[PDB]
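> Need coordinates for the following:
(2 chains)
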Amino acid sequence: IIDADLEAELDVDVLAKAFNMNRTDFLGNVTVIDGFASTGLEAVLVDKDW
Amino acid sequence: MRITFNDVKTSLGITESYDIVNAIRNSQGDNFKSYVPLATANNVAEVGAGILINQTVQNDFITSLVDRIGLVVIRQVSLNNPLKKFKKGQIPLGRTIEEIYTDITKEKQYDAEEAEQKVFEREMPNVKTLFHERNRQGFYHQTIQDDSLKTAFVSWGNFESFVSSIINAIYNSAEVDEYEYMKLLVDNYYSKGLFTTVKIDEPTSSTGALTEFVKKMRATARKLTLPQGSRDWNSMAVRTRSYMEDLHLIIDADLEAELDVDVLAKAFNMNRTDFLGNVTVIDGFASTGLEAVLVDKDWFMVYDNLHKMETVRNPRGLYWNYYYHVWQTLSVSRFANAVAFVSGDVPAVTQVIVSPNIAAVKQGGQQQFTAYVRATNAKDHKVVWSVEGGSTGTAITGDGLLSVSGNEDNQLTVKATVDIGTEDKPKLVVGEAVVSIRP
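Numbering: from 1, shown residues only, chains lettered A, B, ... in the order given. What follows is the structure:
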């Protein structure tokens, strides 16, 4: 779970993510939200049974 | 009537750079040595570029006979307007199209004790309406002289092919005009400034500008694709959603080629539709600052009302006149997502939208208005409310609550105003709503 702005920022500046676009074997199922509410939160990586 | 031509050469219009025949003949190791073994190169080079005006050529064996035309080819090149996929069905009867949108409501907490005395309470649904009407009428006129044209062909198949080519030319002209009108739609929308403006630097200034533009487009496309929706990308300030397969990006060919090469992120996903949507390439825009526009498939609200062809004949002139009539309505939908990326200087605030743009209140009721400011910068702005009704006892608070006095008969207008200029040289942005009074 990541923010749209950060996801688009890292989809271009770094290439390793820009290679493995629209798949799951690299960073899991990437779902995009419109930001969090916590001050320091940037990304959250959880499990389906969470 | 004999229309003959004399003193015509095989080089009527030729801005020649060098004599290829001379270069081939005078070559002792140059790059033209590959054409030296060719037996007949002068003859090929003499008429290898086509002949604009032909002349009769005698036979090589018997000079009295004349060589004849063996093959006749008629070009069937057909052209289309790329935005045709955004069209809709036909409207044989009527003129006006009504678009109705229903917005979402709010949640209330379960309360059995409170639910005793308010079982029959009312919650007015939120609905918005937009209207479109027919605005384009035109026709195309052509003439065909069958009897006068019958002497230019020796085959009925060729005759029919030529007349079909004329009809196809009419259709091609119609398609070109339709494409131009569809471009005019976007240009007029941006001129009226109902887009959501995203400020960017000049892409051609430096490499970093191009990658910044690409990542900004990626972010905008993602937040448009978000399933839960947002109210920040349409002129009606309604909660709406768009699909990645329904998103289309309209960009200039030169800029598209520049960013297909300069930034390596766009090198991939060039034809996958999952990066920026269906990329449509046009021959540039008309506005000064417009670089790219990303709109939803439902943004276009174009229909056609008439598409017909009629013919008349002139007995004295022996020809047919063909009239192709096209009547269409071209309009856009304000409920659909639309973003425009502008490289030039843009104002701090683009527009102000009032959530109820039309109201009908009683003589003792109250109304609540919500103001949405489309600001191109991070800093926020303050909205001031005013009314221009006229009667005393009618007033609007600073939060957007309008109260109406018990004695007035006149239409009211409510203005939400934002100041974006500096001191003693102010620039103001105003959003207006209309209110009717019911006695």
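
> tell me, how many neighbours does the residue of chain A found nearest chain B end up with?
As assessed by Cβ to the nearest Cβ, chain B sits closest to residue A:8 within chain A, at 3.7 Å. From N, CA and C alone the C-beta is placed, and that goes for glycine too. By other Cβ atoms under 10 Å in any protein chain shown, 23 other residues sit near residue A:8.

> Convert the C-alpha atoms of stretch A:7-14 to CSV, please.
Output of stretch A:7-14 as CSV, limited to C-alpha atoms (Å, rounded to 0.1, in the frame of the first residue of the first chain):
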residue,chain,number,x,y,z
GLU,A,7,4.6,5.5,-6.6
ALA,A,8,4.8,7.7,-9.7
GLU,A,9,8.0,9.4,-8.3
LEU,A,10,9.7,6.0,-7.9
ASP,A,11,8.3,4.6,-11.2
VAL,A,12,10.6,7.0,-13.2
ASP,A,13,13.6,8.1,-11.2
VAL,A,14,14.7,4.5,-10.5
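
> Please report how far the residue of chain A closest to chain B lies from residue B:243.
Going from residue A:8 to residue B:243 by Cβ to Cβ, to the nearest Å gives 18 Å.

> repeat for residue A:29
Applying Cβ to Cβ to residue A:29 and residue B:243 gives a distance of 19 Å.

> The longest helix along chain A packs against which elements?
Longest helix in chain A by number of residues, with DSSP state H as the criterion: helix A:4-10. Applying 3 or more Cβ pairs under 8 Å, 6 or more residues apart in numbering or on different chains; DSSP states H and E, one finds that helix A:4-10 makes contact with strand A:32-33, helix B:207-225.

> Identify the residues contacting it?
Residues outside helix A:4-10 that contact it (Cβ atoms under 8 Å, 6 or more residues apart in numbering or on different chains) are A:17, A:30, A:32-35, A:42-43, B:215-216, B:218-219, B:222-223, B:226.

> give me the number of residues near residue A:48?
By other Cβ under 10 Å, 6 other residues sit near residue A:48.

> Hmm, I typed the wrong one, I wanted residue A:17.
Using other Cβ under 10 Å, residue A:17 has 16 other residues around it.

> residue contacts, it?
So residue A:17 contacts A:10-11, A:26-27 (Cβ under 8 Å, 6+ apart).

> Tell me the buried residues within those residues.
residue A:11 (16 or more other Cβ atoms under 10 Å in any protein chain shown).

> Just the terminal-to-terminal distance for stretch A:33-50.
Start-to-end span of stretch A:33-50 (Cα to Cα, to the nearest Å) is 17 Å.

> ugh, typo on my part, it should be stretch A:16-32
Using Cα to Cα, the end-to-end distance of stretch A:16-32 comes to 19 Å.

> Flag every buried residue along that stretch.
For stretch A:16-32, by 16+ other Cβ under 10 Å, it's A:17-18, A:30, A:32.

> Would you point out the most distant pair within those residues?
Greatest spatial distance among those (Cβ to Cβ): A:18 and A:32, at 15.7 Å.

> Any residues of chain A in contact with chain B? List them.
A:4-5, A:7-9, A:11-13, A:15, A:18-19, A:21-22, A:32-34 (Cβ under 8 Å from any Cβ of the partner chain).

> if we go to 7 Å?
Residues of chain A found near chain B (Cβ under 7 Å from any Cβ of the partner chain) are A:4-5, A:7-9, A:11-12, A:15, A:18, A:21-22, A:32, A:34.

> Check these and tell me the two furthest apart.
A:15 and A:34 (25.9 Å).

> If we ignore the residues flanking it in sequence, what's nearest residue A:42?
residue A:6 (6.5 Å; Cβ to Cβ, 6 or more residues apart in numbering or on different chains).

> what's the neighbour count on that neighbour?
Using other Cβ under 10 Å, residue A:6 has 14 other residues around it.
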